[PDB]
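Only one chain is included here, represented as structure tokens and corresponding to the form deposited in one PDB entry.
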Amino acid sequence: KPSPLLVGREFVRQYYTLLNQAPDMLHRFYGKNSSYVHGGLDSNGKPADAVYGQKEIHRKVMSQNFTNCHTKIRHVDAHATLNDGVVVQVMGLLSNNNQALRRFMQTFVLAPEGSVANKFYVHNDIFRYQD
């Protein structure tokens, strides 16, 4: 009954709000079969690779040292995929720790959690800056 856009828009609201308010809980959007693919180099200098599941996604989020991270959403697209999922494409700008803005895109695939009605989790998250 909820349209894919009603789901996707509210997801984007909650996700980027939590990224700003409590990044140490962002992993709770994800599940055991989730993949989190945030592209680019750390520094460090090592290349980016997919991390799987809540526990590892939590460790990866914490390694990114998000502080007061702000997002300017410039466009959201959200469509029904198969099996009652929702695919979301976000285009925006992100400022972490009050640093200069950078453009990004982020693709999510949201999947029903199964038991609770209209509960979704993030099955796929692919993020890349456009530098």
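From 1 onward, residues are counted along the sequence shown. Shifts are known only where both forms have a C-alpha. We call the rigid core the largest set of C-alpha positions that still match within 1.5 Å between the two forms.
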query	finding
Cross-entry absence of residue 14, a third or more of other PDB entries	no
Unmodelled in at least a third of other entries of this protein, residue 39	yes
Comparing 102-110 with 50-58, the one whose average Cα B-factor in the PDB entry is higher	50-58
Higher-B stretch (mean Cα B-factor, as the entry records it), 80-88 or 37-45	37-45
Selection by C-alpha B-factor (highest) of 117, 12, 122, 19	117
Residue 32, C-alpha B-factor rank within chain (lowest, middle or highest third)	highest
Third of chain Cα B-factors occupied by residue 65	highest
Third of chain Cα B-factors occupied by residue 71	lowest
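Another form exists, deposited with a partner chain bound; not displayed. Remarks below refer to it.
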| item | value |
| --- | --- |
| Contact label in the bound PDB entry: residue 66 to the partner chain, heavy atom within 4.5 Å | no |
| 4.5 Å heavy atom contact, residue 70 and the partner chain in the bound PDB entry | no |
| Threshold 2 Å Cα movement between the shown form and the other one for residue 38, core superposed | yes |
| Cα-Cα trend for residue 39 and residue 95, given that in the bound PDB entry the distance shifts by 3 Å or more | closer |
| Closer or farther in the bound PDB entry: C-alpha pair residue 28, residue 44 (3 angstroms or more) | farther |
| Regions shifting between the shown form and the other one, defined as 3+ consecutive residues whose CA atoms all move 2 Å or more relative to the core | 37-40, 42-47 |
